[PDB]
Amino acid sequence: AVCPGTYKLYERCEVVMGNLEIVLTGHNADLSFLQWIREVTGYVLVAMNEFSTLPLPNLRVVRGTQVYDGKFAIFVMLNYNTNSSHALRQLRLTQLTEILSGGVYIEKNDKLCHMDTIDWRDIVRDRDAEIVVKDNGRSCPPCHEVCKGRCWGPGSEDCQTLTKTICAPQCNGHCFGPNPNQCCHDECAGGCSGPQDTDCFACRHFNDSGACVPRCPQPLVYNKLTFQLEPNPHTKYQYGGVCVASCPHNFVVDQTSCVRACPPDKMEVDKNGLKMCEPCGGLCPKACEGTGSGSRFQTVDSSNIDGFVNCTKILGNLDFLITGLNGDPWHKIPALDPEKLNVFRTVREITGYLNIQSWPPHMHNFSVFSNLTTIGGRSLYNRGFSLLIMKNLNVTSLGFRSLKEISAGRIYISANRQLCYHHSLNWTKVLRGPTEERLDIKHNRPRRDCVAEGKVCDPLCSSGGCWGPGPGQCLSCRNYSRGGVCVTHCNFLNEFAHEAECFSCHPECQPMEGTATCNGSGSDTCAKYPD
């Protein structure tokens, strides 16, 4: 039924949700795939064509949501060749009834006849719309007797069916009969063939599977299912003006309606068996090929750092070698400015390994990799290592506050003589698989020196450990979690809780002194002519 508009034709269609442009077409074009069309939501454009007749025998309605030259819903011009003697001679618009918005323009079609005969005011609604029909067809045949002067062609079957519809007062202006019994529904654009939503020729707003409706089936509804906002399973999306259950062609559902691609601040997600645009949140996913192995870069240096801006996945590994940090005079790569390392604060996943053998001495924490959540380890370093932290004598805390999974590989943390807080760390939580002979943690600042100088996990960190001092560096919280901060209370009584996480409660959850304020967050959890 539906088809986005502009040689063959995927136009065995009835409505073109767009413009119909016919340009630079020769005489030998199968324009028969258009016969079925009977609504054009944009304009119709016919220019630079050599074919003799334009078959659109079923077209009745041209909406003109978009108009050509800001004036015309139909535009027909220069459809002739002088050398060839091929030219347009007829517009087969026998059945054309209503041009909702826009005018008509037919000029400079040397062999096109009879366009001057018809009455355009019977069709165009906007009477202030411009209508130009000139300089297209002299030495033209006169019209048939049966047509009585109004025709889309020489024959007697090519007459404009100009049948006056004197609708009744009660009828708001569109009717399928003469008396007040036969008023078209209010949602009908033009007339109708009956008094229902289904009987309209064209819809004033939206078409839901034949029924002309004011709004496509909305996403949330007070369906009384809970007497509140519910997911009417019967939900539909706008393909411009036709309600569809599933966006056809190759579209995506951005909120209420179909679109050709998600907007800038959103991304595609596989949801409800459909592709939906969900808001990007922090930042849209951006993968960026990594270093080492199949990469052309053996380390990150002053040439690669700016290639990792706004990256969420690394699609590979990350290497921080002293040749990249301090520069390379045999390659003439300059040294790296430590601030640029902040580029990695957006990284949440690394497909292969992470290798750190050098780091700016002032940086006492790899907190630039705080939001790292997963190290895949599908590519590995040295003797099968997914995480390697070596020879860092100015670092004092790991700082991987958001690391939760190392999908595969071995772990090596050795010779970071000033590093603490890693002793108490349940790696069995983070590393996937048996931690058997897979940990190589040696020669960091000994436990005793760390505890003596005060370097220990915050009391609210659970036995899982921590990635540094403070409550925000814990692996797991002993009691409850106020965001990234392990928190000791939860404000439940004197703020609800779920899965040992402290959250705020929905509006209208009456604050109650000494008792539960929320029992959960929501309209259904909080503890129109109303009272």
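From 1 onward, residues are counted along the sequence shown.
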Worksheet, complete the sentence: As the entry stands, the deposited residues without coordinates between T6 and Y7 add up to 10 or more
Worksheet item: According to the entry, are there none, 1 to 3, 4 to 9, or 10 or more residues of the deposited sequence without coordinates between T53 and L54?
Response: none
Discussion item. Quick check: 298-306 versus 99-107, which has the larger average CA B-factor in the record?
Written reply: 298-306
Item to complete: Higher average CA B factor in the deposited record is what I'm after, so tell me if that's 149-157 or 179-187.
Response: 149-157
Item to complete: Would you mind finding, among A287, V395, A452, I333, the residue with the largest C-alpha temperature factor in the entry?
Response: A452
Worksheet item: For the listed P233, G327, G292, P169, which has the peak Cα B-factor recorded in the PDB entry?
Response: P233
Worksheet, complete the sentence: Binned into thirds over the chain's modelled residues, the C-alpha B-factor of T41 lands in the lowest
Worksheet item: Would the CA B-factor of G240 place it in the lowest, middle or highest third of its chain?
Response: lowest
Discussion item. Using the temperature factors of the C-alpha atoms in this entry, rank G376 within its chain: lowest, middle or highest third.
Written reply: lowest
Practice prompt. Comparing against every modelled residue in the chain, figure out the third that the C-alpha B-factor of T117 lands in (lowest, middle or highest).
Written response: lowest
Discussion item. Please place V269 in the lowest, middle or highest third of its chain according to the CA B-factor in the PDB entry.
Written reply: middle
